[PDB]
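Chemist: Quick one: the structure is below, and I'll ask about it shortly.
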Amino acid sequence: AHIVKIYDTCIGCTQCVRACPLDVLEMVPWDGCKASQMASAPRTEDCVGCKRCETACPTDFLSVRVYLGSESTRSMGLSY
Amino acid sequence: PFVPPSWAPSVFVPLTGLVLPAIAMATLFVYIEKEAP
Amino acid sequence: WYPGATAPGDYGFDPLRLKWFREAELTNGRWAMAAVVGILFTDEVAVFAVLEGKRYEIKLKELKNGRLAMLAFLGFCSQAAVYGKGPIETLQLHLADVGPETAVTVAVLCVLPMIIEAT
Amino acid sequence: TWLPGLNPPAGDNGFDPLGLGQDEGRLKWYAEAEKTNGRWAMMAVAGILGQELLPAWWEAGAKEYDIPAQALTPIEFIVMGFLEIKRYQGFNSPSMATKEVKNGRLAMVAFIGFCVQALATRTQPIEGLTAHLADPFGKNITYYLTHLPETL
Amino acid sequence: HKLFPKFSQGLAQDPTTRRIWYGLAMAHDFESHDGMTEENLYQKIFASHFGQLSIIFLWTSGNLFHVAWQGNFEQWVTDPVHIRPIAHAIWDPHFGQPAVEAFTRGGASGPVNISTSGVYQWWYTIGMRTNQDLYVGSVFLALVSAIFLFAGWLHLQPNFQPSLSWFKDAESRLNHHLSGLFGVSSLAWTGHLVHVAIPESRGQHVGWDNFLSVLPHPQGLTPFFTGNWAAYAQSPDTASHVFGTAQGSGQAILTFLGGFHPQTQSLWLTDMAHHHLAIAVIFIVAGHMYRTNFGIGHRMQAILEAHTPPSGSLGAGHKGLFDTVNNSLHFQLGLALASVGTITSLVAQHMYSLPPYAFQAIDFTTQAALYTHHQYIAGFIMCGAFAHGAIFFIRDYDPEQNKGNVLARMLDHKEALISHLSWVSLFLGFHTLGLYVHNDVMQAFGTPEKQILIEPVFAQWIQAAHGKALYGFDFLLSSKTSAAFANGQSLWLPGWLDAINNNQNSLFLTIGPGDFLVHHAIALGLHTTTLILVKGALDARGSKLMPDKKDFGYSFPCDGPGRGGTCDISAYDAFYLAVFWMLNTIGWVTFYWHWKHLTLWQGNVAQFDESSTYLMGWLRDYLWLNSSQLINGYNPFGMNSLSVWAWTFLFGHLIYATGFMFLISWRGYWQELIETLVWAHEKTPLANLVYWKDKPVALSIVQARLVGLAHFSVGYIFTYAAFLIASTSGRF
Amino acid sequence: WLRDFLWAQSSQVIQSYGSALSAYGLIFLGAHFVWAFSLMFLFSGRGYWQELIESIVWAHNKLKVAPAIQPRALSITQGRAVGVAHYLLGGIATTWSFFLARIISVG
Amino acid sequence: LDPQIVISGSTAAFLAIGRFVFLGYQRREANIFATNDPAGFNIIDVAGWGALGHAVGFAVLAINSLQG
Ligand code: CLA
Ligand code: CLA
Ligand code: CLA
Ligand SMILES: CC1=C(/C=C/C(C)=C/C=C/C(C)=C/C=C/C=C(C)/C=C/C=C(C)/C=C/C2=C(C)CCCC2(C)C)C(C)(C)CCC1
Ligand SMILES: CC1=C(/C=C/C(C)=C/C=C/C(C)=C/C=C/C=C(C)/C=C/C=C(C)/C=C/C2=C(C)CCCC2(C)C)C(C)(C)CCC1
Ligand SMILES: CC1=C(C/C=C(\C)CCC[C@H](C)CCC[C@H](C)CCCC(C)C)C(=O)c2ccccc2C1=O
């Protein structure tokens, strides 16, 4: 499984969520930003580690981070 | 009493060339593919 | 099998770390007993396959004499390939009045029962 | 106190200037080791003094023997293996104990004296004794190290 | 899941073929295994070290045994000028009778290999004369290898595992390794030289039978205890001494002569004896410096805390460095690899120029092979030093323990460091390539008198300072009225002057504008490789493109196509890019070494001095010219003894080329190809009864870089080894 | 092929200096150079180069010569494109010089 | 020469000089276990300063043997 973390610099722009090709991330209620939204990664067992979320994140530095970890059949994107 | 005999490459070179690589690759293959309990 | 040895015709000797191995020990012992009797008393395809297939598809003294005959057959092959003589001739040269390996092997072997005790 | 002022840390004379016996069971092992090195040294000194009196002790192994010395080592290893194994699987007055320890220590020092002394003088040790008695001042360790060519 | 690998269940739960490769690759990285503590780390490293020692002594015993059984050592020592040293016999049933006749050279029964490792010269100089001696040495070193393998197994056992305090004791280890491992070993080798190796060169056999009854000197130990130590320098070996015999001999055991023995063209055994005795005393004295359990001695942490200069120009100085060298194994490993790599360069540079062994430097293929062998070893070890330094920065470096010291201030001016390395690399590259291209245009347009030929006046000044009367500077050792000349003139300068003014050896070769241009290209390679390695070490914690590079580790693939794309951003990848510059730089230094020595050995150094100043002269007169007998090793008219080197030459070109496939083409192409292969196998009838246990996948990105660099490097090494051995041996 | 074709027929190109065919020797060497120069782009990646450019940009900032148009490493695809273009140019021009020098001198 | 005189005088000079003028500096920089000496000049101090004495004495003997 790959380690996906969300950091408090998130501005709830939802760009990472609409960039993930696997439905791993989602938006939760929060109070830390004006959008009152925060990303969250409850399904990192299906994460392949493509880093589209990191490409989509606008903040400097990143508020979503993907640490490539141990490989499984779902994280390697295998259909066989 | 040190010199190995005149037939010695004819046995020792195909031994470590073929037989020990076959045994070693078979043993390492069975060790790789072994299931954990 | 040695004074002070512990266990992991059995004697607790397993330095390298089962029922197939016991059956293989028994059949190597039986064929070595027949071969040692043939070498001491010295001086076809499909039927053998059928007998072997029927044997595959199918009490201390047996493996005692079997281990003794396996060591005996190793003895025949070794002191025939080294001495160039038969067993009676090597016995006669032994009686009535690879050396480094033999000496090194024995000492090393003894260092070996000692080492296990240490560890 | 081997030199006074130094108490023994934890034939005891407080002599461990390297700290080799700072562990209890390890020190018990070294005590047994000192005992057996001293026993073999006592037997060796009695051997050299006996053989000399009733070929030197360094040229003794190469004369001629029954087997000969090719195939006598495995007999030695088997017999000494049985004896040693028995001793390890096994492993009266304290005056006799301290005499045994100090006697083994003096025999170890005497045997390294035999080895170095014979290797530097090319004499049997009773000839070294009669040389040092016939000439105390002279024929000392200075003579055999500065006049080494004469002995060869 | 599966058992292999036992050190990582994260890899053991991998359903693919990636598990096998990553178990092979992460096996000896003990800091990242499951359940690894620090004591266990040091203990397994200690056992692995014993394993390395056992393998080295088994390697040496095997060299001794194969020489003693299949070589011509006892026949070589009778005339070591005209007889070739046999390595080992050939048993290849794939041969034909012309190949058996071709590799049956002489004087041997069957097919043999001719050794280029220098072991006959080394063994003959240290006193071997017979094959039995080599048999005894082989049996002794095999027994030593068994003892070290047993000692690794023993120090793994729980009654013998050392604690962490034993491994972290630096003063005791430096005192015992300086005084005992350097000093007493060098003293005992001096004993071997004096007792055996000098009388074997005098023609007197001193074996184990009579080493107690043969005097090393006719007055033994009486000068040594009187202090009359100059009595061992009296009557040295005459300049008409035949080596290994008694004609023209002397009585001295410790001289200081300089230069070379006249017949063997090699260093004097008495000078090497004196040399090992002096450095033995110096290492034993230096091994009493540090504070063990005896009150006296230096305290290294106290020395480091003291050496901080005033005015804050180094900040906190060396404060807190003892707990960062002591606690980090990667710092110690990088220091050890930097030192051993520089010393391996020193070994190669000093052994071509000052040949130690008898009838070395007349075996030209041995000279070239040993130089090239230790230069490539040195290059790999230097790259590993910088690699493990970057690993130190990522894993072991604590910034709060180093707040203000020299190691933090290097990270503070890392941009200035990389900027000035970039400047020196660009400068040397522009002007070295511009001068070579300029001279090529001059040589092409028929005008060699216009080409820029800068004279190497600085290194010629240094050679004149060393005593070479060619360049007419005439100062400090070249002028007869100098203080250094007059003070060293009575004792060691008369041999050194003759050897440096001989132009028939490698002792301070005559240099010119080609040598200028190549030393500049060498500086380009060194500065550039240092640029990539220092950039990878100092950008390992992070850069502006990736501030959190320390959070991914040392060897991660990339950080994706975002932020413009980040390919080869890791410090491992900077190492990977710098191995190419290492191979380039050592290829330059060994092309230069080999061509200047081939023109010395043939006789026309004018050929090198003319053709070395332009790269077409390089390509025409070295690579095209010296590979004429190589590629004729086999042909449609027959074959000869060079056919193995022709085959290995093409073999290296092939492995190099196969490495380019992993280097250029990357992963997802092969992953799609393998997915179509998986479809084809699962749909093919009567072959889909056979199924894989490990799911086939394409090689990962990092693995691809490693496999491509491995094939690239092996092909590079085999191609230049085949060319160098075949050209030197075929033409000499 | 290595001996009787490449090595044997490369004589004319390698000894073309001092004559009218010397340009074919120059373009032989130049083409070898360009081919090799492509390997840096094909074998490397733009992350390293971007960080190197960062250090150099720092050096330019120190002397007030950092450009307003920000120095960036080439894209991944442009690295591949530059790589294959210099690779093709180098190899093809090499065989061009070999062929022309060979066939003009022995023709 | 006079080897006993040179070695004994050099060892006496180095032991006396480390006993009397460098002992306090060695105790300042360092900051078997018990001796009768009033300065604590123990066996290891004797070993170090006599080692320097023997080394310098044999160096002087060797240079005078070379006659340089
Ligand atoms: C890593 C790969 C590598 C390989 C394969 C080689 C291979 C070689 N080296 Mg090179 N070398 C290397 C790296 C390597 N080297 C490095 C990293 C250095 C710098 C440290 C050197 C420095 C070096 C020198 C200076 C020399 C060589 C030589 C050689 C050649 C002879 C074989 C040999 O070394 O005998 C095996 C060596 C041993 C088994 C050890 C020798 C004995 C050691 C030094 C001391 C033993 C002390 C003793 C045990 C103590 C007893 C104490 C007493 C009181 C009991 C062989 C081609 C020699 C040569 O070129 O000959 C023609 C040569 O003179 N090498
Ligand atoms: C003193 C010697 C020494 C020691 C004790 C270590 C120890 C270590 N190194 Mg270091 N290093 C060294 C020298 C050393 N290194 C040298 C000389 C180099 C330059 C090559 C390096 C460069 C280096 C890098 C880049 C890395 C390490 C890593 C490591 C760690 C893990 C090793 C591992 O698991 O790989 C297992 C070893 C292999 C899988 C070897 C694969 C085979 C290689 C590619 C060569 C293949 C050529 C083949 C044999 C030729 C066949 C030809 C054919 C025709 C027969 C371990 C701490 C790694 C690390 O710390 O990770 C964070 C790591 O990434 N080392
Ligand atoms: C012949 C092949 C070749 C050449 C010439 C270079 C040259 C260079 N490399 Mg590269 N490299 C190569 C192969 C090569 N490399 C390979 C195979 C790899 C493995 C991937 C690398 C990996 C690598 C790394 C990791 C690094 C380098 C770096 C460098 C630069 C180091 C500084 C220097 O000396 O620049 C001198 C400049 C030159 C040699 C270029 C010549 C300039 C030309 C002649 C000017 C224009 C001429 C003409 C007008 C052109 C007109 C054509 C028209 C169509 C425009 C240098 C430009 C370093 C760097 O970039 O530092 C800043 C660096 O860190 N290289
Ligand atoms: C990254 C890193 C690392 C690494 C580093 C390295 C790898 C380095 C290298 C380095 C080096 C590799 C260096 C070198 C140096 C050298 C020198 C410093 C030299 C000197 C010399 C001299 C000084 C000499 C002089 C002389 C002469 C010239 C002549 C005469 C004689 C005499 C002697 C006088 C580490 C680990 C730390 C960690 C951190 C990170
Ligand atoms: C008690 C006392 C006293 C006395 C003292 C004395 C008398 C002392 C002495 C002391 C001594 C008398 C010491 C000594 C020491 C010595 C030593 C410690 C040595 C060492 C040596 C060495 C180390 C050497 C080395 C070497 C060699 C071996 C070889 C060659 C080289 C050399 C030289 C390096 C008095 C009266 C004053 C006062 C009172 C008290
Ligand atoms: C060298 C290299 C670079 C660095 C090269 C860069 C950034 C381009 C350099 C081209 C020129 C030199 C810069 C543009 C010059 C300007 C027009 C300035 C004016 C110059 C005057 C003389 C006209 C990469 O960015 C890269 C990316 C991906 C894979 C491989 C590589 C790669 O190999």
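Labeling convention for the structure tokens: chains A, B, ... as they appear, residues from 1 per chain, ligands from 1 in order of appearance.
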Let me have all residues with an atom within 6 Å of ligand 6, counting only C-alpha atoms and all ligand atoms, laid out as a PyMOL selection string.
Modeler: chain F and resi 40-41+44-46+49+72-76+79
Chemist: Store the residues picked out above, limited to N, CA and C atoms, as a compact mmCIF listing (two decimals), in the first residue's frame.
Modeler:
```txt
# COMPACT_ATOMS: atom_id res chain seq x y z
N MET F 40 23.60 11.73 -23.42
CA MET F 40 23.31 12.46 -22.18
C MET F 40 21.81 12.72 -22.03
N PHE F 41 21.16 13.10 -23.13
CA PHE F 41 19.73 13.35 -23.11
C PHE F 41 18.95 12.05 -23.01
N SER F 44 19.56 10.42 -19.37
CA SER F 44 19.34 11.14 -18.13
C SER F 44 17.89 11.60 -18.02
N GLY F 45 17.62 12.44 -17.02
CA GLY F 45 16.28 12.93 -16.79
C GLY F 45 16.32 14.34 -16.26
N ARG F 46 15.22 15.06 -16.48
CA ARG F 46 15.19 16.50 -16.27
C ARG F 46 15.16 16.95 -14.81
N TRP F 49 18.76 17.96 -13.95
CA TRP F 49 19.11 19.17 -14.68
C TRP F 49 18.41 20.39 -14.13
N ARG F 72 14.54 26.87 -17.17
CA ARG F 72 13.89 25.61 -16.84
C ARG F 72 14.59 24.49 -17.58
N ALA F 73 14.64 23.32 -16.95
CA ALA F 73 15.15 22.16 -17.66
C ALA F 73 14.14 21.78 -18.74
N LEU F 74 14.63 21.17 -19.81
CA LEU F 74 13.78 20.72 -20.90
C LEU F 74 12.75 19.73 -20.38
N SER F 75 11.58 19.68 -21.03
CA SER F 75 10.58 18.70 -20.64
C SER F 75 11.07 17.28 -20.93
N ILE F 76 10.43 16.31 -20.27
CA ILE F 76 10.73 14.89 -20.46
C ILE F 76 10.65 14.51 -21.94
N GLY F 79 13.39 16.21 -23.91
CA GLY F 79 14.64 15.50 -23.70
C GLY F 79 14.75 14.30 -24.61
```
Chemist: Considering only C-alpha atoms, extract the chain C residues located within 12 Å of chain E and return them as a list in words.
Modeler: residues 100, 101, 104, 108, 111, 112, 115, 116, 117, 118 and 119 of chain C
Chemist: So that each row is one residue of chain G with an atom at most 8 Å from ligand 5, can you give its shortest atom pair and the distance in Å to one decimal, using only C-alpha atoms and all ligand atoms, rows by chain and rising number, as a Markdown table?
Modeler:
```
| residue | atom | partner | partner_atom_place_in_ligand_line | distance |
| --- | --- | --- | --- | --- |
| G:8 | CA | ligand 5 | 12 (C) | 7.6 |
| G:11 | CA | ligand 5 | 14 (C) | 6.6 |
| G:12 | CA | ligand 5 | 12 (C) | 7.2 |
| G:15 | CA | ligand 5 | 10 (C) | 7.3 |
| G:37 | CA | ligand 5 | 40 (C) | 7.4 |
| G:46 | CA | ligand 5 | 13 (C) | 5.6 |
| G:47 | CA | ligand 5 | 18 (C) | 3.7 |
| G:48 | CA | ligand 5 | 18 (C) | 6.1 |
| G:49 | CA | ligand 5 | 18 (C) | 6.9 |
| G:50 | CA | ligand 5 | 15 (C) | 3.8 |
| G:51 | CA | ligand 5 | 20 (C) | 3.8 |
| G:52 | CA | ligand 5 | 23 (C) | 7.1 |
| G:53 | CA | ligand 5 | 19 (C) | 7.2 |
| G:54 | CA | ligand 5 | 21 (C) | 5.1 |
| G:55 | CA | ligand 5 | 33 (C) | 4.0 |
| G:56 | CA | ligand 5 | 33 (C) | 7.4 |
| G:57 | CA | ligand 5 | 33 (C) | 7.5 |
| G:58 | CA | ligand 5 | 33 (C) | 5.6 |
| G:59 | CA | ligand 5 | 33 (C) | 7.5 |
```
Chemist: Let me have all residues with an atom within 9 Å of ligand 1, counting only C-alpha atoms and all ligand atoms, laid out as number ranges by chain.
Modeler: E: 53, 56-61, 63, 116-123, 141, 180-182, 184-189, 337, 340-348, 351, 356-357, 360, 366-367, 369-371, 373-374, 377-378, 381
Chemist: Apply DSSP to the backbone of this structure and, from region 181-353 of chain E, keep only the residues in alpha helix (DSSP H); write these as number ranges by chain.
Modeler: E: 185-192, 198-201, 222-226, 269-286, 300-306, 322-325, 329-353
Chemist: Residues contacting ligand 4 - anything with an atom at most 7 Å away, using only C-alpha atoms and all ligand atoms - can you give me those as a ChimeraX atom specification?
Modeler: /E:330-335,338-339,342,382,385-386,388-390,392-393,534,537
Chemist: Would you write out those residues with N, CA and C atoms, as a CSV table (one decimal), in the first residue's frame?
Modeler:
```
chain,number,residue,atom,x,y,z
E,330,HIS,N,27.4,5.1,7.7
E,330,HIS,CA,27.6,5.6,6.4
E,330,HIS,C,28.6,6.7,6.3
E,331,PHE,N,28.8,7.5,7.3
E,331,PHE,CA,29.9,8.4,7.3
E,331,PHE,C,31.3,7.7,7.4
E,332,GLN,N,31.4,6.7,8.2
E,332,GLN,CA,32.6,5.9,8.3
E,332,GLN,C,32.9,5.1,7.1
E,333,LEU,N,31.8,4.6,6.4
E,333,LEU,CA,32.0,3.9,5.2
E,333,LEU,C,32.4,4.8,4.0
E,334,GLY,N,31.8,6.0,4.0
E,334,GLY,CA,32.2,7.0,3.0
E,334,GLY,C,33.7,7.5,3.2
E,335,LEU,N,34.1,7.6,4.4
E,335,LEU,CA,35.5,8.0,4.7
E,335,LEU,C,36.4,6.9,4.3
E,338,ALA,N,36.6,6.7,0.5
E,338,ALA,CA,37.4,7.8,-0.1
E,338,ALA,C,38.9,7.5,0.1
E,339,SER,N,39.3,7.1,1.3
E,339,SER,CA,40.7,6.8,1.5
E,339,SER,C,41.2,5.7,0.7
E,342,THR,N,41.5,6.6,-3.0
E,342,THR,CA,42.6,7.4,-3.3
E,342,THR,C,43.9,6.6,-3.2
E,382,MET,N,35.6,5.4,-5.4
E,382,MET,CA,35.4,6.8,-5.2
E,382,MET,C,33.9,7.2,-5.4
E,385,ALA,N,32.1,6.0,-2.4
E,385,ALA,CA,32.3,7.0,-1.3
E,385,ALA,C,31.3,8.1,-1.3
E,386,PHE,N,31.2,8.7,-2.5
E,386,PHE,CA,30.2,9.8,-2.5
E,386,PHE,C,28.7,9.3,-2.4
E,388,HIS,N,27.7,6.6,-0.5
E,388,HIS,CA,27.4,6.4,0.9
E,388,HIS,C,27.5,7.7,1.7
E,389,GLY,N,28.1,8.8,1.2
E,389,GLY,CA,28.0,10.1,1.8
E,389,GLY,C,26.6,10.7,1.6
E,390,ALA,N,26.0,10.5,0.5
E,390,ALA,CA,24.6,11.0,0.3
E,390,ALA,C,23.7,10.1,1.1
E,392,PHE,N,24.5,8.9,4.0
E,392,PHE,CA,24.7,9.5,5.3
E,392,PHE,C,23.8,10.7,5.5
E,393,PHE,N,23.7,11.6,4.5
E,393,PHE,CA,22.9,12.8,4.6
E,393,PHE,C,21.4,12.5,4.8
E,534,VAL,N,28.9,15.6,-5.7
E,534,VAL,CA,28.7,16.6,-4.6
E,534,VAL,C,27.2,17.2,-4.7
E,537,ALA,N,25.0,14.6,-3.2
E,537,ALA,CA,25.1,14.5,-1.8
E,537,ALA,C,24.4,15.7,-1.1
```
Chemist: What does the distance from CA of residue 427 (chain E) to atom 36 (C, counted along the ligand's line) of ligand 3 come to in Å, to one decimal?
Modeler: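 Answer for the CA of residue 427 (chain E) to atom 36 (C, counted along the ligand's line) of ligand 3 separation: 6.6 Å.
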